[PDB]
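Okay, structure first, notes after.
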Amino acid sequence: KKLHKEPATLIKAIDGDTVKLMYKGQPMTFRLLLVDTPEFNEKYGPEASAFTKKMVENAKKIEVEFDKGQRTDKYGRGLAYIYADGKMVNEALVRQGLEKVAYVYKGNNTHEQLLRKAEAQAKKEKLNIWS
Ligand SMILES: Cc1cn([C@H]2C[C@H](OP(=O)(O)O)[C@@H](COP(=O)(O)O)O2)c(=O)[nH]c1=O
Ligand SMILES: [Ca+2]
């Protein structure tokens, strides 16, 4: 069975992989699935943040797509794929070499191959975090 998208409104972009959204009428902090800043290098943190911010702010429509596993993490943050006018922020960050694939767990790994495909290209290009 496929996942489903639900509407949400931007409240504020926080950093490369955290955004605060109005979801089902309530403010909620969302952590993007399947991505992280490199473990030992935050050189591209500000660029990643700016990128996410531009993408979500310029969007006419933001959508939340939960996966089949845990919907919130140990902090109560929502765990989702976030779309901006149909473009997956999570995927975009990875194809641009701004964040890498990370935190890959059964149930919450529907888009794992998709993001790994994007990451492979970024890696090949030695782009940003892969330089
Ligand atoms: C992306 C993601 C993060 N997390 C937790 C792991 C990390 O825990 P610890 O904080 O205990 O290291 C933290 C990383 O989030 P940030 O990268 O936003 O700091 O969020 C999950 O549990 N599930 C997920 O899918
Ligand atoms: Ca972050």
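None of the figures in this text is laboratory data; all of them are computed from the coordinates on show. A quick note on method: Cβ atoms are made from the backbone with ideal geometry, for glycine too, and the neighbour counts reach across all protein chains shown.
Data overview
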| quantity | calculated |
| --- | --- |
| Verdict on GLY76 being on the phi > 0 side of the Ramachandran plot and assigned to a loop (DSSP other than H, G, I, E, B) | yes |
| Close pairs (6 angstrom Cβ cut-off, 6 or more residues apart or separate chains): farther than 28 Å from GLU47 by Cβ in the stretch 1-13, surrounded by 13 or more Cβ atoms within 10 Å (Cβ to Cβ) and among the aliphatic types (A, V, I, L, M) anywhere | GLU6/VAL64 |
| Residue match in the stretch 84-102 (condition: near ligand 1 (Cβ under 10 Å from one of its atoms), assigned to a loop (DSSP other than H, G, I, E, B), of a type in the set (A, V, I, L, M, F, W, C) and within 14 Å of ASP36 (Cβ to Cβ)) | yes |
| Filtered residue count, the stretch 14-63, keeping only those that are touching a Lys or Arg at 6+ places or on another chain (Cβ under 7 Å), among the charged types (D, E, K, R), under 27 Å from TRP130 (Cβ atoms) and not in a loop (DSSP other than H, G, I, E, B) | 2 |
| Qualifying residue in the stretch 50-59 (condition: buried (at least 17 other Cβ atoms within 10 Å of the Cβ), within 23 Å of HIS4 (Cα to Cα) and more than 13 Å from the chain's Cα centre (by Cα)) | yes |
